[PDB]
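A.B. asks: There's a structure below that I have some questions on.
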Amino acid sequence: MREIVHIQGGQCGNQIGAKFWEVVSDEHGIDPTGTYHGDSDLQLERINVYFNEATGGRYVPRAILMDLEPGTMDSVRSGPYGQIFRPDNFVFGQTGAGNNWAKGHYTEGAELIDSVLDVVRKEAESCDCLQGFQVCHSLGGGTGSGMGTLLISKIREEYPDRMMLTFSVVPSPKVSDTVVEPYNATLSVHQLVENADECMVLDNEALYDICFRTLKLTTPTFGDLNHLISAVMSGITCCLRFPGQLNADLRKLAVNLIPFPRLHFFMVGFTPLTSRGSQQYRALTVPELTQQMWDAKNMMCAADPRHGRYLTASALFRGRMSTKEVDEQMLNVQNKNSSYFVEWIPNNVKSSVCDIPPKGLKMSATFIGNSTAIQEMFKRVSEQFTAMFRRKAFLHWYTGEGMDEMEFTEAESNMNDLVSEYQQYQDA
Amino acid sequence: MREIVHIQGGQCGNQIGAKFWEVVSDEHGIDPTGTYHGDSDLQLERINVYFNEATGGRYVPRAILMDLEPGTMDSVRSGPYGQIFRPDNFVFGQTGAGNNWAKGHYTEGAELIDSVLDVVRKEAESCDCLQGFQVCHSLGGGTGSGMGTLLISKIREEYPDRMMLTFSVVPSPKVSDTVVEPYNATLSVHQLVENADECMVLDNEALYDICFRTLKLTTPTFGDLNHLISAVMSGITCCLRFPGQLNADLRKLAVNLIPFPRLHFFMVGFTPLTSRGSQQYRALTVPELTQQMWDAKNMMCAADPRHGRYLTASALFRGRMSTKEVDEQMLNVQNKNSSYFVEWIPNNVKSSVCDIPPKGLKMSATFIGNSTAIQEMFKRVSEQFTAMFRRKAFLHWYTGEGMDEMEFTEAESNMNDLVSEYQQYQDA
Amino acid sequence: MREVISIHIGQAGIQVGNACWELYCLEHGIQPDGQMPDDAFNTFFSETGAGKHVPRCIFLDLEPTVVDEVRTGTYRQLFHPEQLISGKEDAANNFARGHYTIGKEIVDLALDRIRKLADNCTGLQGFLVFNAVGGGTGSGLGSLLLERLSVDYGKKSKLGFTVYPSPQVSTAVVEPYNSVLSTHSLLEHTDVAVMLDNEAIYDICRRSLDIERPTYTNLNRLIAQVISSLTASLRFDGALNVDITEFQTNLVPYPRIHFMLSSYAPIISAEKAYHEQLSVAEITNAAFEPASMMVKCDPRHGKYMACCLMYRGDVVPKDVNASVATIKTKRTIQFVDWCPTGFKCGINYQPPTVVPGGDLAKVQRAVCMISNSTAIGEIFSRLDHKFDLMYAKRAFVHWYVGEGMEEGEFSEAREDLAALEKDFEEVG
Amino acid sequence: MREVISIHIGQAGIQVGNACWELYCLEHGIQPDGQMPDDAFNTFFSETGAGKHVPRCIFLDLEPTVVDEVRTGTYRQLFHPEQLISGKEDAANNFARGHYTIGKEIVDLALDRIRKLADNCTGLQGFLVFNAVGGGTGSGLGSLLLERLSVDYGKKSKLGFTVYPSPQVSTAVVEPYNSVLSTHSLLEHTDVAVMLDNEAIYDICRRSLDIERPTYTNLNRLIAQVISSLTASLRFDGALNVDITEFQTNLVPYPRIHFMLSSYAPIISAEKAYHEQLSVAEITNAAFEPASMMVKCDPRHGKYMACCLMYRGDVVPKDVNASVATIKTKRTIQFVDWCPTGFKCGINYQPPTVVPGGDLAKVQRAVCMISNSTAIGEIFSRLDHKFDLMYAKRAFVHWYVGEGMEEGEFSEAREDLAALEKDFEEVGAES
Amino acid sequence: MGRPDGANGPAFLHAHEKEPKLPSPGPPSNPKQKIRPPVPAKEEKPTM
Ligand SMILES: Nc1nc2c(ncn2[C@@H]2O[C@H](COP(=O)(O)OP(=O)(O)OP(=O)(O)O)[C@@H](O)[C@H]2O)c(=O)[nH]1
Ligand SMILES: Nc1nc2c(ncn2[C@@H]2O[C@H](COP(=O)(O)OP(=O)(O)OP(=O)(O)O)[C@@H](O)[C@H]2O)c(=O)[nH]1
Ligand SMILES: Nc1nc2c(ncn2[C@@H]2O[C@H](COP(=O)(O)OP(=O)(O)O)[C@@H](O)[C@H]2O)c(=O)[nH]1
Ligand SMILES: Nc1nc2c(ncn2[C@@H]2O[C@H](COP(=O)(O)OP(=O)(O)O)[C@@H](O)[C@H]2O)c(=O)[nH]1
Ligand SMILES: [Mg+2]
Ligand SMILES: [Mg+2]
């Protein structure tokens with residue numbers, strides 16, 4: 001009941017998924033052999049939301065690893081938690097995508113869907129009651145963005161009732177991870193506005209401050225950032241897996257969050273995050289979780305919420321606590337700094353709780369914000385796109401795959417409207 | 001309840017801020033480890049005015065150390081009591097300040113205000129009911145005098161109702177620890193006339209003689225002068241932290257002290273003060289404390305009471321004593337030398353008292369007086385300012401930071417309007 | 001013969017089911033394994049052919065994540081496994097889903113239980129609906145269920161204990177909408193509807209209980225103390241045994257006005273009983289105190305149409321008629337002119353039971369008041385504001401219209417509220 | 001049955017409350033733990049269902065630092081925790097904060113206690129107010145509270161035992177102002193107003209008790225000996241029983257004139273009581289003595305309009321009427337023409353009780369005098385002088401007006417003293 | 001929540017920016033309506 005099927009697209013997706021399935025596995029006390037070795041009966045009761053029973057007491061994940069150039073898969077196929085995956089769920093192409101949204105969506109991606117769909121359905125029907133899909137993308141490259149969206153449009157029509165999530169990692173403002181990044185960005189956005197129920201945005205930049213400011217790290221490697229992203233992807237489905245005195249399914253989290261069908265871009269954070277020195281001073285009380293999650297620093301995206309208004313928000317607390325302190329705090333903020341919250345929504349936060357904190361903590365939280373500052377990711381992208389599409393630079397690669405050019409402008413009008421939707425509703 | 005928050009801005013602030021927290025930490029029986037090791041329950045009753053309970057039962061200060069060029073902070077980070085501070089409550093910039101009011105107020109200041117304000121509010125909410133702020137300055141320098149007032153101009157606008165004390169160290173009358181002491185004085189004083197509820201004035205000169213004549217010390221290190229400044233700063237909150245047969249909170253001290261919103265420049269002292277030898281000669285009775293506290297030596301500022309008229313005064317006694325004695329004593333003083341006091345105020349003193357003396361003593365006192373001889377310092381400095389500003393010496397340094405000349409004359413006139421306020425009410 | 005059917009709908013429906021059914025099992029010595037070591041339990045249970053005392057209730061919900069806790073909790077040998085009804089997918093805080101899509105496919109199952117739950121019933125007092133307005137399951141299923149109960153029995157009485165959305169505390173954003181839609185369906189179908197807000201019961205836990213970490217499990221331990229007091233006459237001897245029909249006749253003047261308030265007294269910590277006598281005189285002054293209401297309504301802005309008082313314990317009628325008489329004279333309490341009477345009083349000799357681990361105190365006198373007042377228009381006009389504030393933009397509508405609903409159901413359910421508030425003014 | 005409700009406002013209000021309530025728990029054998037090893041106490045307490053006797057008083061203040069002492073000291077199991085009302089921040093010696101800013105949000109919490117406290121007494125004799133005029137809490141809240149007590153209860157008797165600003169000894173600078181503003185609010189709302197100054201009781205500690213180390217813990221121990229001598233007829237059998245209604249009836253000639261002085265006698269150490277006899281005639285002479293007044297005023301500058309007398313101990317009426325007859329012949333003591341009478345005398349067989357570690361002497365005779373004299377117009381004029389001395393410069397005004405006030409409040413409360421001044425010479429008409 | 005970055009910039013301080021202003025000496029709103037009647041005028045002489 002209430003199963004979930006999970007997709008990992010691209011190099012980034014095939015690497016965030018490495019830590020995600022490592023984090024969730026430990027939380028349910030299963031070995032890299034796949035055998036359950038936990039203690040409580042609380043791990044087993046909702047284990048089938050991510051895994052499947054197998055002969056011998058194994059628990060194999062319900063993930064789908066898709067990628068061109070399986071080189072990066074050979075890493076995770078060799079890592080410590082690489083022995084758990086089904087080998088038939090590895091779908092890959094022998095050629096490369098070349099950081100090119102076109103061939104990752106038109107030529108090569110189109111050659112794998114016939115096989116990918118036999119994979120997704122084979123484990124979508126084993127679900128006695130499917131809850132939804134969830135993907136992990138990278139809006140910079142070609143494989144993650146291109147094949148990701150093409151996979152979505154096939155998913156959106158085959159399963160329109162169920163809900164698809166998206167932990168899309170978006171480009172960084174101050175540095176360019178690739179050169180053709182703005183082309184792959186918009187052409188993917190133009191697919192997400194229409195074919196996604198919810199979509200969180202992350203940035204490798206903000207993922208550095210939290211390790212440079214909050215965590216006070218020294219050598220933050222991607223192996224650590226993915227331990228951050230995996231902390232929110234685990235923080236969403238707690239109510240699905242663990243009981244709590246105020247549960248929150250995955251669906252009731254959208255209807256309380258998205259007023260209009262196109263503003264489905266969010267902004268996430270996590271709490272508590274302290275150094276290995278400060279854990280001696282700072283205490284763990286709901287007033288602490290509530291201020292650090294609300295701050296303009298734990299926002300894992302590089303968009304300052306203090307430039308717009310909060311339409312709605314959320315909070316998924318974890319750990320046996322007092323349901324009153326939570327309710328009075330989240331209330332105390334809205335009427336405290338009343339200039340950042342819209343007025344035609346009286347109470348614009350939802351609050352969840354769980355009897356089960358993380359594996360090694362006592363209290364924890366997770367934040368989801370739908371702010372009208374998310375438009376700032378789109379302006380900064382809408383300009384870098386129009387500076388180079390203006391002179392038709394790097395386009396012979398995209399048109400070389402038979403692409404048109406109105407698919408570029410349609411990707412810009414669709415965006416340059418989405419930047420206005422976030423302004424009528426922001427009366428400042 | 002009645003929580004304070006302490007700011008230490010500058011080289012002086014960061015250094016006397018060390019001795020201050022060294023005294024209070026002893027007064028409440030806590031070790032530099034941060035653990036409590038006192039005897040009475042009375043220590044833990046009002047500890048929350050200065051500290052924050054932590055995990056495992058620790059008490060860490062609620063100070064804020066802000067200073068450019070963290071060099072002097074690397075010292076207090078390495079002193080004996082350097083383990084108590086939260087490392088997060090350290091604000092420093094990689095650039096020098098140059099003993100220059102401009103860059104400490106315009107260029108370098110503006111780059112750290114985002115952090116300092118994000119720091120002060122992390123704890124201005126940790127208070128169930130905030131009483132007021134409390135700072136330490138060095139008016140000659142650039143960090144303490146530029147960032148100091150800049151932070152104040154911010155503090156006054158988000159928390160106007162609350163109170164902010166200021167133990168500002170003023171320039172010396174005869175020696176000048178800096179060649180640009182005037183410009184840093186007036187430009188700061190002008191900020192203190194508009195954005196300060198109370199402002200003591202302490203001078204390094206008077207601190208020497210008191211350490212030479214009265215204390216008979218041979219080599220007075222700055223560690224000794226701050227064992228004095230710490231003594232009086234602790235002497236103000238004894239009604240807050242400890243019981244008293246006539247308590248006196250911080251607010252009822254200003255209301256009872258400043259007749260007009262501008263005359264908030266006070267004058268302090270501490271008693272008793274004896275050499276190691278004379279301890280065996282003079283008794284410790286209330287008539288003793290009041291004889292030395294009213295003297296013209298214990299005035300930590302270099303302003304002579306016998307030149308002006310006391311508008312008001314104060315006294316905070318500490319010890320199981322007889323509250324008749326204090327009342328008849330302070331009455332006799334006004335009675336005998338009845339020309340040093342104005343006449344349109346019948347009784348112009350307050351007299352607190354506390355059941356709890358310092359940790360090593362049995363009876364102590366503490367003095368605060370708002371005289372009209374304080375106009376002399378602003379006369380001595382308003383002459384040195386207009387001396388070199390008339391020829392524009394060292395001005396190319398200030399104007400290089402986007403300053404102007406109106407920001408000078410405004411500062412001077414606003415000071416000259418203050419020196420007249422202290423002359424009308426001096427009817428000789 | 002004196003029996004009722006106790007329905008629980010939603011999460012808070014079964015959240016209070018765990019408090020109520022932990023009371024009756026304890027109030028009658030019923031072990032969690034059914035059996036105990038007549039008509040004292042026949043109100044709530046049904047002795048089988050041998051020993052076992054199964055309850056007569058029904059836990060209904062859509063998320064198994066809570067109904068399964070009952071299946072694994074200590075009360076798993078108690079319930080008939082078919083009573084604990086549950087679903088696969090949830091309403092997702094969306095009135096439409098709980099009414100049009102998912103509601104229609106399990107009511108046919110729930111109804112069969114009631115038919116098999118009423119045949120053994122020989123004389124049925126009335127149904128008992130524990131509902132939580134504000135969620136899809138609470139508002140949608142509850143609405144769809146009540147209409148089915150009206151057309152089956154009609155002559156049987158439905159009592160609605162519906163948690164209502166509070167002014168400040170709000171665990172959702174769209175809870176205004178589905179709270180409005182509930183009225184058009186509950187009003188014509190419930191015989192009488194009690195109200196109570198999660199916020200008002202929070203402050204009760206602050207002043208009286210002095211419990212600083214309140215939780216949903218705390219409040220439910222108060223509601224169970226109401227129904228225990230409400231149905232004491234049904235199962236415990238006592239002067240002036242008050243049935244349901246009697247209770248209902250002299251409280252509801254018009255077929256519309258059946259929205260009433262509640263109270264309880266004394267509510268005290270187990271130690272302040274050592275500082276009080278809690279006489280019949282003292283308690284009934286506290287039942288009419290505005291701070292002792294279980295809803296954030298102010299009865300001093302309105303008038304009373306009736307009251308009902310259910311006393312418990314060592315109470316004799318000579319003191320009831322005395323304390324009631326000194327209240328009609330009090331000026332603050334205003335009774336609408338067309339009822340010079342207004343009190344139906346009930347006495348029991350069975351004092352209120354206390355649960356181990358509870359917060360209340362063992363007392364010998366207790367009062368539960370249930371008043372029908374015209375001040376109830378307050379809490380009912382706030383909803384008329386938030387609904388008209390968000391519906392001006394059609395926010396969150398595309399969720400309701402996408403689940404087999406329309407735009408008329410919004411304006412229709414809106415007029416019904418205006419049609420109701422006039423009725424709370426025609427009685428002036 | 002014969003039940004009164006005691007209030008304590010501000011610091012001095014509760015610092016005398018710790019003295020009176022240390023006396024009653026001792027005067028009825030009430031252990032600090034509520035219980036003891038009818039109607040002898042029912043004036044001040046109320047049995048619960050479990051042994052204890054809880055006092056029917058209210059400690060109200062805006063400073064936690066003085067209320068928590070009660071919560072930690074030996075007298076913490078006594079009070080119902082709800083009666084000890086406190087506040088987050090204080091009034092900061094400002095009449096505005098006690099009247100417009102802070103006082104407005106806690107009164108409802110106080111009144112809900114008074115209402116819960118009124119029903120528990122079957123017959124309410126009257127309220128007792130222990131005020132401290134000169135601060136923010138004592139004057140600002142006492143002002144605001146006394147009004148609300150008049151609306152909810154009306155003509156019920158509210159006494160006032162309010163320490164007044166002393167001429168010389170003064171621990172404040174702004175206490176002129178918040179004293180003046182208080183007058184109108186007490187005048188129109190309190191029924192009777194006894195007055196006493198911190199200085200006047202200092203000299204009495206000097207000469208009589210001979211304690212050269214006097215503090216507030218000494219003065220508060222004196223006021224306890226007054227009220228116990230005043231409310232003995234409420235809870236102790238004795239000839240010529242006198243209640244509160246009988247008290248104000250034949251003591252307050254006009255609705256305005258309700259200020260009066262106090263005098264206790266004898267006041268003697270534990271050793272001079274052996275160099276002494278303390279006859280009823282000697283005591284009552286030391287009672288009318290000006291030096292034994294509890295206010296720094298002079299009775300030989302004005303005229304006695306009425307006097308009350310609460311005797312205590314081995315006293316018989318034949319001796320009261322005899323000594324009083326002498327004073328009526330004494331020329332030093334004047335009396336306004338229109339009272340050939342002028343004494344309402346009370347007797348109580350129960351002598352005063354001594355507190356262990358106290359400074360008075362165990363005596364079987366005592367006298368507590370309260371006289372409504374017109375000489376009290378003196379202590380009422382010094383305030384008129386100092387107030388105008390400062391108010392001619394608008395000094396300290398920006399505080400008052402900066403907290404929800406204007407300037408008119410000064411002139412009203414100023415004239416209310418001016419009008420009240422002439423009344424203290426009008427009644428001395430002598431025509 | 002604080003202010004967005006770059007908006008806490010220092011501003012110019014004029015002379016007497018923060019200076020309270022006495023409104024005026026003016027008759028107050030409510031004299032509070034004394035309840036007790038005045039003292040008679042020592043010349044009523046009701047006795048006959
Ligand atoms: N007094 C009390 N109120 C509760 C409790 N649990 C939830 N509530 C309130 O019930 C409201 C939501 O009702 P739910 O039952 O959780 O939601 P639902 O009716 O099941 O509909 P779905 O969430 O879509 O399944 C919230 O406002 C809660 O504050 C509880 O245990 N005690
Ligand atoms: N007889 C007596 N007088 C006291 C005592 N304590 C204070 N006073 C006097 O009360 C007057 C000041 O009023 P306080 O009660 O101390 O302060 P407040 O009225 O509560 O106003 P805030 O300080 O704002 O709380 C002074 O004249 C004190 O001398 C005491 O214990 N006994
Ligand atoms: N958090 C995280 N982000 C990564 C990591 N590796 C790459 N990314 C981002 O992924 C982007 C490039 O997309 P990529 O996945 O390499 O191309 P694709 O194979 O076509 O999807 C770049 O913006 C990288 O910064 C990683 O290891 N951890
Ligand atoms: N009481 C005391 N005063 C000091 C001490 N050190 C410096 N001061 C004063 O600090 C003044 C200079 O300001 P400073 O804070 O050192 O430089 P800034 O960082 O630019 O403000 C000088 O007048 C010093 O006398 C000290 O150790 N103890
Ligand atoms: Mg629900
Ligand atoms: Mg006070």
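The way I read the labels, and the way they are meant: chains A, B, ... in the order of the structure tokens, residue 1 as the first residue of every chain, and ligand 1 as the first ligand shown, with later ones counted on from there.
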With only C-alpha atoms as the counted atoms, please give the residues lying no more than 10 Å from segment 28-31 of chain E, apart from itself and same-chain residues fewer than 2 positions off, as number ranges by chain.

C.D. replies: D: 405-413; E: 25-26, 33-34

A.B. asks: Restricting it to N, CA, C and O atoms, dump the selection as a compact mmCIF listing (two decimals), in the first residue's frame.

C.D. replies:
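In the end it all went to out-v8.txt:
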```txt
# COMPACT_ATOMS: atom_id res chain seq x y z
N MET D 405 0.38 59.52 27.64
CA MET D 405 -0.22 60.57 28.45
C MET D 405 -0.09 61.89 27.71
O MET D 405 0.56 61.98 26.67
N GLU D 406 -0.73 62.91 28.26
CA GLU D 406 -0.59 64.27 27.77
C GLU D 406 -0.29 65.18 28.96
O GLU D 406 0.02 64.71 30.06
N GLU D 407 -0.37 66.49 28.74
CA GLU D 407 -0.02 67.43 29.79
C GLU D 407 -1.18 67.73 30.72
O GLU D 407 -0.96 68.16 31.86
N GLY D 408 -2.42 67.54 30.26
CA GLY D 408 -3.56 67.89 31.09
C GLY D 408 -3.61 67.12 32.39
O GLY D 408 -4.04 67.65 33.42
N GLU D 409 -3.15 65.87 32.37
CA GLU D 409 -3.17 65.06 33.58
C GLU D 409 -2.43 65.73 34.74
O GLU D 409 -2.76 65.49 35.90
N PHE D 410 -1.45 66.57 34.44
CA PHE D 410 -0.73 67.25 35.51
C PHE D 410 -1.59 68.34 36.14
O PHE D 410 -1.69 68.42 37.37
N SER D 411 -2.25 69.16 35.32
CA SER D 411 -3.01 70.27 35.87
C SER D 411 -4.24 69.80 36.64
O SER D 411 -4.54 70.33 37.72
N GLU D 412 -4.98 68.82 36.11
CA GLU D 412 -6.07 68.23 36.88
C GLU D 412 -5.58 67.77 38.24
O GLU D 412 -6.06 68.25 39.28
N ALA D 413 -4.64 66.83 38.26
CA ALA D 413 -4.14 66.29 39.51
C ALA D 413 -3.47 67.36 40.36
O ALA D 413 -3.34 67.18 41.57
N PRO E 25 0.62 72.39 26.39
CA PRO E 25 -0.27 72.32 27.56
C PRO E 25 -1.71 72.54 27.14
O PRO E 25 -2.08 73.64 26.72
N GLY E 26 -2.53 71.50 27.23
CA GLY E 26 -3.90 71.58 26.77
C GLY E 26 -4.86 70.84 27.68
O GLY E 26 -4.51 69.83 28.29
N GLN E 33 -14.64 62.81 36.31
CA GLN E 33 -15.94 62.91 36.95
C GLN E 33 -15.92 62.47 38.41
O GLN E 33 -16.35 61.36 38.74
N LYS E 34 -15.37 63.32 39.28
CA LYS E 34 -15.38 63.08 40.72
C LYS E 34 -16.74 62.59 41.22
O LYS E 34 -17.79 63.09 40.80
```

A.B. asks: Just the residues within 8 Å of segment 198-212 of chain C, please, counting only C-alpha atoms, with nothing from its chain fewer than 3 positions along; format it as a PyMOL selection string.

C.D. replies: (chain A and resi 324) or (chain C and resi 163-169+219+267-269+291-296+359-360)

A.B. asks: Near chain D, which residues of chain B fall within 7 Å when you count only C-alpha atoms, and what do they look like as number ranges by chain?

C.D. replies: B: 1-2, 129, 243, 251-252, 255-256, 259-260, 322-324, 327-328, 331, 344-351

A.B. asks: Within 12 Å of chain B, which residues of chain A show up when using only C-alpha atoms, listed as a ChimeraX atom specification?

C.D. replies: /A:213-216,274-292,294-297,329,332-333,336-337

A.B. asks: Quick one: residues within 12 Å of residue 302 of chain C, only C-alpha atoms, excluding same-chain residues fewer than 3 positions away - as a PyMOL selection string?

C.D. replies: chain C and resi 290+297-299+305+332-336+371-378+424-425+427-428

A.B. asks: Using only C-alpha atoms and all ligand atoms, find each residue with an atom at most 6 Å away from ligand 4 and format the answer as a PyMOL selection string.

C.D. replies: chain B and resi 10-12+15-16+97+99+138+140-145+177+222+225-226

A.B. asks: Using 8 Å as the limit and counting only C-alpha atoms, can you tabulate each residue of chain B that touches chain E, with its shortest atom-to-atom distance in Å and the two atoms involved, as a tab-separated table?

C.D. replies:
```
residue	atom	partner	partner_atom	distance
B:105	CA	E:10	CA	7.5
B:106	CA	E:10	CA	6.6
B:110	CA	E:9	CA	5.9
B:113	CA	E:8	CA	6.9
B:114	CA	E:5	CA	6.3
B:117	CA	E:2	CA	7.5
B:118	CA	E:2	CA	6.6
B:150	CA	E:10	CA	6.9
B:154	CA	E:8	CA	7.9
B:191	CA	E:13	CA	7.7
B:194	CA	E:18	CA	5.6
B:195	CA	E:18	CA	7.7
B:261	CA	E:19	CA	7.4
B:407	CA	E:12	CA	8.0
B:410	CA	E:15	CA	6.2
B:411	CA	E:15	CA	7.8
B:414	CA	E:15	CA	5.9
```

A.B. asks: Please check the contacts: residues of chain C at most 12 Å away from chain D, using only C-alpha atoms, listed as a PDB file with C-alpha atoms, in the first residue's frame.

C.D. replies:
```
ATOM      1  CA  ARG C 207      -3.476  28.181  33.316  1.00  0.00           C
ATOM      2  CA  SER C 208      -5.175  25.199  34.935  1.00  0.00           C
ATOM      3  CA  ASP C 210       0.224  24.065  34.114  1.00  0.00           C
ATOM      4  CA  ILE C 268      -6.618  21.368  38.167  1.00  0.00           C
ATOM      5  CA  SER C 269      -3.221  19.818  38.674  1.00  0.00           C
ATOM      6  CA  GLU C 271      -1.243  19.333  43.607  1.00  0.00           C
ATOM      7  CA  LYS C 272      -3.376  22.487  43.614  1.00  0.00           C
ATOM      8  CA  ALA C 273      -6.186  20.323  44.957  1.00  0.00           C
ATOM      9  CA  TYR C 274      -4.205  20.727  48.185  1.00  0.00           C
ATOM     10  CA  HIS C 275      -5.007  24.458  47.948  1.00  0.00           C
ATOM     11  CA  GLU C 276      -8.754  24.252  47.394  1.00  0.00           C
ATOM     12  CA  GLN C 277     -12.064  22.720  48.471  1.00  0.00           C
ATOM     13  CA  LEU C 278     -13.836  22.836  45.079  1.00  0.00           C
ATOM     14  CA  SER C 279     -17.359  23.100  46.430  1.00  0.00           C
ATOM     15  CA  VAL C 280     -20.428  22.819  44.236  1.00  0.00           C
ATOM     16  CA  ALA C 281     -20.653  26.588  44.644  1.00  0.00           C
ATOM     17  CA  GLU C 282     -17.106  27.209  43.410  1.00  0.00           C
ATOM     18  CA  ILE C 283     -17.196  24.906  40.368  1.00  0.00           C
ATOM     19  CA  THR C 284     -20.369  26.261  38.752  1.00  0.00           C
ATOM     20  CA  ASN C 285     -18.928  29.764  38.886  1.00  0.00           C
ATOM     21  CA  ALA C 286     -15.958  28.425  36.911  1.00  0.00           C
ATOM     22  CA  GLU C 289     -16.200  31.573  33.292  1.00  0.00           C
ATOM     23  CA  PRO C 290     -15.190  32.543  29.733  1.00  0.00           C
ATOM     24  CA  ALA C 291     -11.661  31.168  30.084  1.00  0.00           C
ATOM     25  CA  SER C 323     -25.691  27.879  42.883  1.00  0.00           C
ATOM     26  CA  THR C 326     -27.078  33.001  42.328  1.00  0.00           C
ATOM     27  CA  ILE C 327     -26.132  33.011  38.632  1.00  0.00           C
ATOM     28  CA  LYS C 330     -25.220  37.910  38.181  1.00  0.00           C
ATOM     29  CA  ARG C 331     -25.119  40.846  35.789  1.00  0.00           C
ATOM     30  CA  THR C 332     -22.428  39.549  33.423  1.00  0.00           C
ATOM     31  CA  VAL C 363     -11.865  14.766  42.890  1.00  0.00           C
ATOM     32  CA  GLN C 364     -15.337  14.102  44.247  1.00  0.00           C
ATOM     33  CA  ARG C 365     -17.173  16.937  42.468  1.00  0.00           C
TER      34      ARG C 365
END
```

A.B. asks: Would you return as an MDAnalysis selection string the members of segment 208-402 of chain D that DSSP assigns to helix (DSSP H, G or I) on this structure's backbone?

C.D. replies: chainID D and resid 216:230 232:235 244:249 272:274 280:287 290:292 299:301 317:329 375:377 379:391 397:401

A.B. asks: What's the separation between atom CA of residue 354 of chain D and atom CA of residue 318 of chain D, in Å to one decimal place?

C.D. replies: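 Computing the Euclidean distance for atom CA of residue 354 of chain D and atom CA of residue 318 of chain D yields 27.0 Å.
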
A.B. asks: Tell me, as a count of residues only, which residues lie within 12 Å of residue 146 of chain C, counting only C-alpha atoms; anything in the same chain fewer than 5 positions away does not count.

C.D. replies: 35

A.B. asks: Given a cut-off of 7 Å, what residues near ligand 5 show up using only C-alpha atoms and all ligand atoms, put as a PyMOL selection string?

C.D. replies: chain C and resi 10-11+91-93+135-138

A.B. asks: Tell me, which residues of segment 62-181 of chain D carry DSSP strand (DSSP E or B), written as a PyMOL selection string?

C.D. replies: chain D and resi 85+124-132+158-164

A.B. asks: Skip segment 41-43 of chain E itself and residues of its chain fewer than 5 positions away, then list as a list in words all residues within 10 Å of it, counting only C-alpha atoms.

C.D. replies: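 My reading of the contact set: residues 423, 426, 427, 428, 429, 430 and 431 of chain D.
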
A.B. asks: Next, write the just-selected residues to a file, as a tab-separated table (two decimals), in the first residue's frame, keeping N, CA and C atoms as the atom set.

C.D. replies:
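Saved the output as result_30.tsv:
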```tsv
chain	number	residue	atom	x	y	z
D	423	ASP	N	-10.18	72.80	51.76
D	423	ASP	CA	-11.09	72.00	52.58
D	423	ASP	C	-10.52	71.76	53.97
D	426	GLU	N	-11.39	75.02	55.46
D	426	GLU	CA	-12.84	75.20	55.52
D	426	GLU	C	-13.42	74.54	56.76
D	427	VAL	N	-13.11	73.26	56.97
D	427	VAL	CA	-13.64	72.53	58.11
D	427	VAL	C	-13.16	73.11	59.43
D	428	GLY	N	-12.06	73.86	59.42
D	428	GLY	CA	-11.64	74.58	60.60
D	428	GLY	C	-12.27	75.96	60.66
D	429	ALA	N	-13.58	76.01	60.43
D	429	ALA	CA	-14.27	77.29	60.32
D	429	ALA	C	-14.25	78.05	61.63
D	430	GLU	N	-14.77	77.43	62.70
D	430	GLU	CA	-14.86	78.04	64.02
D	430	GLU	C	-15.70	79.32	63.99
D	431	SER	N	-16.97	79.15	63.66
D	431	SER	CA	-17.94	80.24	63.72
D	431	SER	C	-19.26	79.76	64.30
```
